[PDB]
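See structure below.
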There are 2 protein chains.
Amino acid sequence: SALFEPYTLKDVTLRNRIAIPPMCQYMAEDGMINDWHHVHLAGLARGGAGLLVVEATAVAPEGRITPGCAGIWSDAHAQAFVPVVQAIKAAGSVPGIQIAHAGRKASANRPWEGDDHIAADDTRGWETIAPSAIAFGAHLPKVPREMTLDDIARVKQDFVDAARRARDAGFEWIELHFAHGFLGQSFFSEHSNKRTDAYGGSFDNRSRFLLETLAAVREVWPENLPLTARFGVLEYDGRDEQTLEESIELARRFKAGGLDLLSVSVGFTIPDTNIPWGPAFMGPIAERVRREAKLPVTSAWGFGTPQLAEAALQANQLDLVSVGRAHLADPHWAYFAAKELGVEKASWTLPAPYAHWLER
Amino acid sequence: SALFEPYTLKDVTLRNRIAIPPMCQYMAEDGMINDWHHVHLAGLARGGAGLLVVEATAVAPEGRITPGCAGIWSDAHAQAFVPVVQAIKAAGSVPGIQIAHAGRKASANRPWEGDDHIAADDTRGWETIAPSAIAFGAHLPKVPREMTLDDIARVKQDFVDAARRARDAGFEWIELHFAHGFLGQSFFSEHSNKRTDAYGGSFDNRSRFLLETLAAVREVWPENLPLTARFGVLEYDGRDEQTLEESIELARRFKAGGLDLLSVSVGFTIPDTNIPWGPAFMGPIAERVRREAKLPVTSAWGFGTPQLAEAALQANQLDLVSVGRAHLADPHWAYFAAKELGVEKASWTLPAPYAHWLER
Ligand SMILES: Cc1cc2c(cc1C)N(C[C@H](O)[C@H](O)[C@H](O)COP(=O)(O)O)c1[nH]c(=O)[nH]c(=O)c1N2
Ligand SMILES: Cc1cc2c(cc1C)N(C[C@H](O)[C@H](O)[C@H](O)COP(=O)(O)O)c1[nH]c(=O)[nH]c(=O)c1N2
Ligand SMILES: O=c1ccc2ccc(O)cc2o1
Ligand SMILES: O=c1ccc2ccc(O)cc2o1
């Protein structure tokens, strides 16, 4: 099975091609993770996936999505990850982390607590920042503050500090969150970036925040550990071909700047879109980016059956298959997939205290 | 669905009728549990089951099955359970524990490391104890030492101390392990008990160790928390009707001595048997014990599909359905069962950070 072939990137070898993508848990307190995250992540790692990427972890307090988001904006925050990293490694999975800044989509309620911008008089809320003072709209109506050049310098340094902390906590894989309408994505998109300084207007200027952040992170992140990013390559906003062409050009510049793999997603920059959700719907677009930028990729949003996953790999659409919600339903999804694909000794996807009893 | 109806026993209410039975992990070191057990148990509790019973936990070092077995023979051992108990309660499951003594089946290898008695020159092994100096046979050829009256008094006190420690660690449900050919079961069976003192020969004498241990434990275990036992009610050894009649009589004496629920199992006292393994095969025998002893019961050994479980409850064969291996395969089996039985808001079997995303 392609799904169960190992994958090597830089000095890191994954035991199979199943990746667990970052999935916010909304269970942290002032950015500090706790036993929710410890058990959640260690349990997933034991389930058999080759790579486990920790949820969007804010580089600064105002870059959380919600009051429940994880953070890594101080050394105390980073140290809270150390036992979890150690538990993920003990299970034989590779520990990764997504470092993030929510931009204009920050200061929101948890998804089961309204999913909307926090009310102005709620003591939990805060001012958001963005390239330009323009609201997302819909359920996120708060107008963000337009960043100064000093804000841009500060947030870049926060990404550097976050990467340094992730390194020193023992993570073996990092992902810069430049997708999903958050700060990085919003610098790239003309919908959200109306700046007329060096960080807006032209393709080079809109790209600048992302490329400078990548380069700054590259200075502290070890050259022997994968350096990756998530990026929304189209919006489904009626501008898809032009947007995909620019996104591919940016992917080429990421590769030239030391990016080892790109997680290909949708932008979610604005609400007025028509995303054609369906099984493996991102496969052809991931494949195009992989081919035209000559860069390894993963994607998600509907690959969560063993057959979809296997087919995407065999077609060389993807290098790793990210499987999210299926792992919330069943932390041992990788074992389920091994059985379904007829892998020999499928139960030994799991550790011995489970595998011995499940051998059929 | 019957499976998702709550159950109250003494002061404890279970949120549904799914019980996770004790399942040895073989991951402890000198009896001390560790992050293997913490993550395993907390993850299971979050999966939705109403009751989670911790694995056979030895009341004395020589009562471990293997060098990897959990123990509760000192206060330090008990304190290691406190954070796990607290994590199980945080998830809304009821924490229970099975306290045990392996008798002549002790000093064995882990099941994936030979599953047999430890060799005489292996530094890990130890002398076993039993009612009579008679080996199990087959892969367990070691002849145990015949217990003195002082040994009987000591082991009873070890069960009392273990129950006191379990109470003080915060467990809300206790199970005395009088099944599976271990010490208690071996006192009851004429195959293994050839004593001619007060603890062998007659039904009353063979019962005596079990009834005295129950009574001694009852003195320290709170009257408002369920007091339960696991007991092998037949062997499939060609003596089934007579054995089941005696077992039912003992179950009546357990009920009169304060037992709240009986986990009905097979004896596994000797190797030369013909157990008719099959789906829900224990259902009719559990039902007979329930009816003839007028005592709530659970059982296991093949009820691990949502339909088998539901049918057993609706037929009043069982009060709780124990589901073991299916939970090793999928820690979220209770969610799977809720979906399969068409329970409303099935995803909310799981905590919010999973349930919100799985609502279909
Ligand atoms: C609970 C939860 C939380 C998050 C997510 C999703 C879900 C379900 N997703 C998106 C996620 O990584 C993935 O792309 C989607 O779940 C689609 O893949 P599946 O169809 O679920 O396999 C997400 N994406 C990301 O880049 N950072 C994150 O922290 C989050 N948070
Ligand atoms: C890994 C593992 C370990 C154990 C068990 C089994 C397995 C699979 N079983 C028996 C268990 O509680 C249950 O009766 C069986 O698993 C049968 O139920 P299922 O068919 O698996 O649902 C078991 N029984 C018990 O009374 N004490 C224990 O600690 C153990 N240990
Ligand atoms: O990047 C993110 C963070 C949270 C999140 C939550 C839900 C979803 O569908 C996507 C998401 O992306
Ligand atoms: O009571 C026990 C302990 C370990 C154990 C292991 C396997 C099994 O099938 C049953 C068992 O019963």
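What follows draws every value from the coordinates through simple rules; no lab data is involved. In this analysis, Cβ positions are derived from the backbone assuming ideal geometry, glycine residues included, and neighbour counts consider all displayed protein chains.
Among the residues of the stretch B:306-317, is there at least one that is polar (S, T, N, Q), away from every other protein chain (no Cβ under 12 Å) and within 16 Å of ligand 4 (Cβ to nearest atom)? Can you show your working first?
Let us first name the residues in the stretch B:306-317 that are polar (S, T, N, Q), namely B:307, B:314, B:316-317.
Going one step further and asking which of them are away from every other protein chain (no Cβ under 12 Å), we end up with B:307, B:314, B:316-317.
Add one more test, that the residue is within 16 Å of ligand 4 (Cβ to nearest atom), and what stays is none.
No, because not a single residue in the stretch B:306-317 is polar (S, T, N, Q), away from every other protein chain (no Cβ under 12 Å) and within 16 Å of ligand 4 (Cβ to nearest atom).
Return only the number of the condition from (1) over 21 Å from A:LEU358 (Cα atoms); (2) in contact with a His (Cβ under 8 Å, 6 or more places away or on another chain) that B:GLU310 does not satisfy.
Of the numbered conditions (1) over 21 Å from A:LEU358 (Cα atoms); (2) in contact with a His (Cβ under 8 Å, 6 or more places away or on another chain), the odd one out for B:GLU310 is (2).
Condition test on B:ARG110, is it of a type outside the set (A, V, I, L, M, F, W, C), part of a loop (DSSP other than H, G, I, E, B) and within 23 Å of B:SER265 (Cα to Cα)?
For B:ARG110, the condition - of a type outside the set (A, V, I, L, M, F, W, C), part of a loop (DSSP other than H, G, I, E, B) and within 23 Å of B:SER265 (Cα to Cα) - is met.
Criterion first (away from ligand 4 (no atom under 14 Å from the Cβ) and either more than 14 Å from chain A (Cβ to nearest Cβ) or small (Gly, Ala, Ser) (or both)) does B:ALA100 satisfy it?
no
In the stretch B:15-38, what residues are more than 16 Å from the chain's Cα centre (by Cα) and more than 13 Å from every other protein chain (Cβ to nearest Cβ)?
Once the filter is applied, which keeps residues that are more than 16 Å from the chain's Cα centre (by Cα) and more than 13 Å from every other protein chain (Cβ to nearest Cβ), the stretch B:15-38 yields B:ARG15, B:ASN16, B:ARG17, B:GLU29, B:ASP30, B:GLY31, B:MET32.
Hey, does the stretch A:118-126 have a residue that's surrounded by 22 or more Cβ atoms within 10 Å (Cβ to Cβ) and away from ligand 3 (no atom under 16 Å from the Cβ)?
The answer is no; no qualifying residue exists.
Mind checking which pairs have a first residue in the stretch B:25-54 that is crowded, with 24+ Cβ neighbours inside 10 Å and a second that is of a type in the set (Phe, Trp, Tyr), Cβ under 6 Å, 6 or more apart or different chains?
Close Cβ pairs satisfying both conditions: B:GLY48/B:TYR335.
Please find, among B:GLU219, B:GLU223, the residue that is surrounded by fewer than 22 Cβ atoms within 10 Å (Cβ to Cβ), more than 16 Å from ligand 3 (Cβ to nearest atom), away from chain A (no Cβ under 14 Å) and in contact (Cβ under 8 Å) with a residue 60 or more places away in the chain. Talk me through it step by step, then tell me what you get.
Values: B:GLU219 fails: in contact (Cβ under 8 Å) with a residue 60 or more places away in the chain.
On inspection, the qualifying residue turns out to be B:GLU223.
Starting from residues that are within 11 Å of another protein chain (Cβ to nearest Cβ) and of a type in the set (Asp, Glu), keep the ones in the stretch B:328-360 and report whichever is farthest from A:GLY68 (Cα to Cα).
Among those residues, the one meeting the criterion is B:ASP330.
From (1) without any contact (Cβ under 8 Å) to a residue 60 or more places away in the chain; (2) in contact with a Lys or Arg (Cβ under 9 Å, 6 or more places away or on another chain); (3) within 14 Å of chain A (Cβ to nearest Cβ), pick out the condition that doesn't hold for B:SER93.
Condition (1) is where B:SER93 drops out.
Just name the residue that is nearest to ligand 2 (Cβ to nearest atom) out of those in the stretch A:145-201 that are in a loop (DSSP other than H, G, I, E, B), without any contact (Cβ under 8 Å) to a residue 60 or more places away in the chain and aliphatic (A, V, I, L, M).
The qualifying residue nearest to ligand 2 (Cβ to nearest atom) is A:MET147.
What pairs come out if I take residues in the stretch A:341-360 that are β-branched (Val, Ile, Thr) and pair them with residues that are away from ligand 4 (no atom under 14 Å from the Cβ) whose C-beta lies under 6 Å away, six or more apart or interchain?
Hits for this filter: A:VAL343/A:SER1; A:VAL343/A:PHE4; A:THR349/A:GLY48; A:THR349/A:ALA334; A:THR349/A:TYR335; A:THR349/A:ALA338.
Quick one: in the stretch A:5-14, which of the residues that are touching a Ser or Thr at 6+ places or on another chain (Cβ under 8 Å) and not hydroxyl-bearing (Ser, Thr, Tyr) is farthest from the other protein chains (Cβ to nearest Cβ)?
Residues of the stretch A:5-14 touching a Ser or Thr at 6+ places or on another chain (Cβ under 8 Å): A:6-7, A:14.
So of that shortlist, the ones also not hydroxyl-bearing (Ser, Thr, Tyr) come out as A:6, A:14.
Working: A:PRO6: 23, A:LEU14: 21 Å.
So, considering only residues that are touching a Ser or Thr at 6+ places or on another chain (Cβ under 8 Å) and not hydroxyl-bearing (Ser, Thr, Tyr), the one farthest from the other protein chains (Cβ to nearest Cβ) is A:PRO6.
Taking A:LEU41 as meeting all but one of (1) within 13 Å of chain B (Cβ to nearest Cβ); (2) assigned to a loop (DSSP other than H, G, I, E, B), write down the number of the exception.
The single condition A:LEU41 does not satisfy is (2).
Among the listed residues A:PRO67, A:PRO6, which satisfies the condition of being surrounded by fewer than 23 Cβ atoms within 10 Å (Cβ to Cβ) and over 22 Å from A:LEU313 (Cα atoms)?
Testing whether each residue is surrounded by fewer than 23 Cβ atoms within 10 Å (Cβ to Cβ) and over 22 Å from A:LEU313 (Cα atoms) leaves just A:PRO67.
Which residues, taken from the stretch B:55-78, are more than 14 Å from chain A (Cβ to nearest Cβ) and part of a strand (DSSP E or B)?
B:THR57, B:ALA58, B:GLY71, listed by residue number.
Report, by residue number, each residue of the stretch B:131-157 that is under 22 Å from the mean Cα position of the chain (by Cα) and of a type in the set (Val, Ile, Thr).
B:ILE152, B:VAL155
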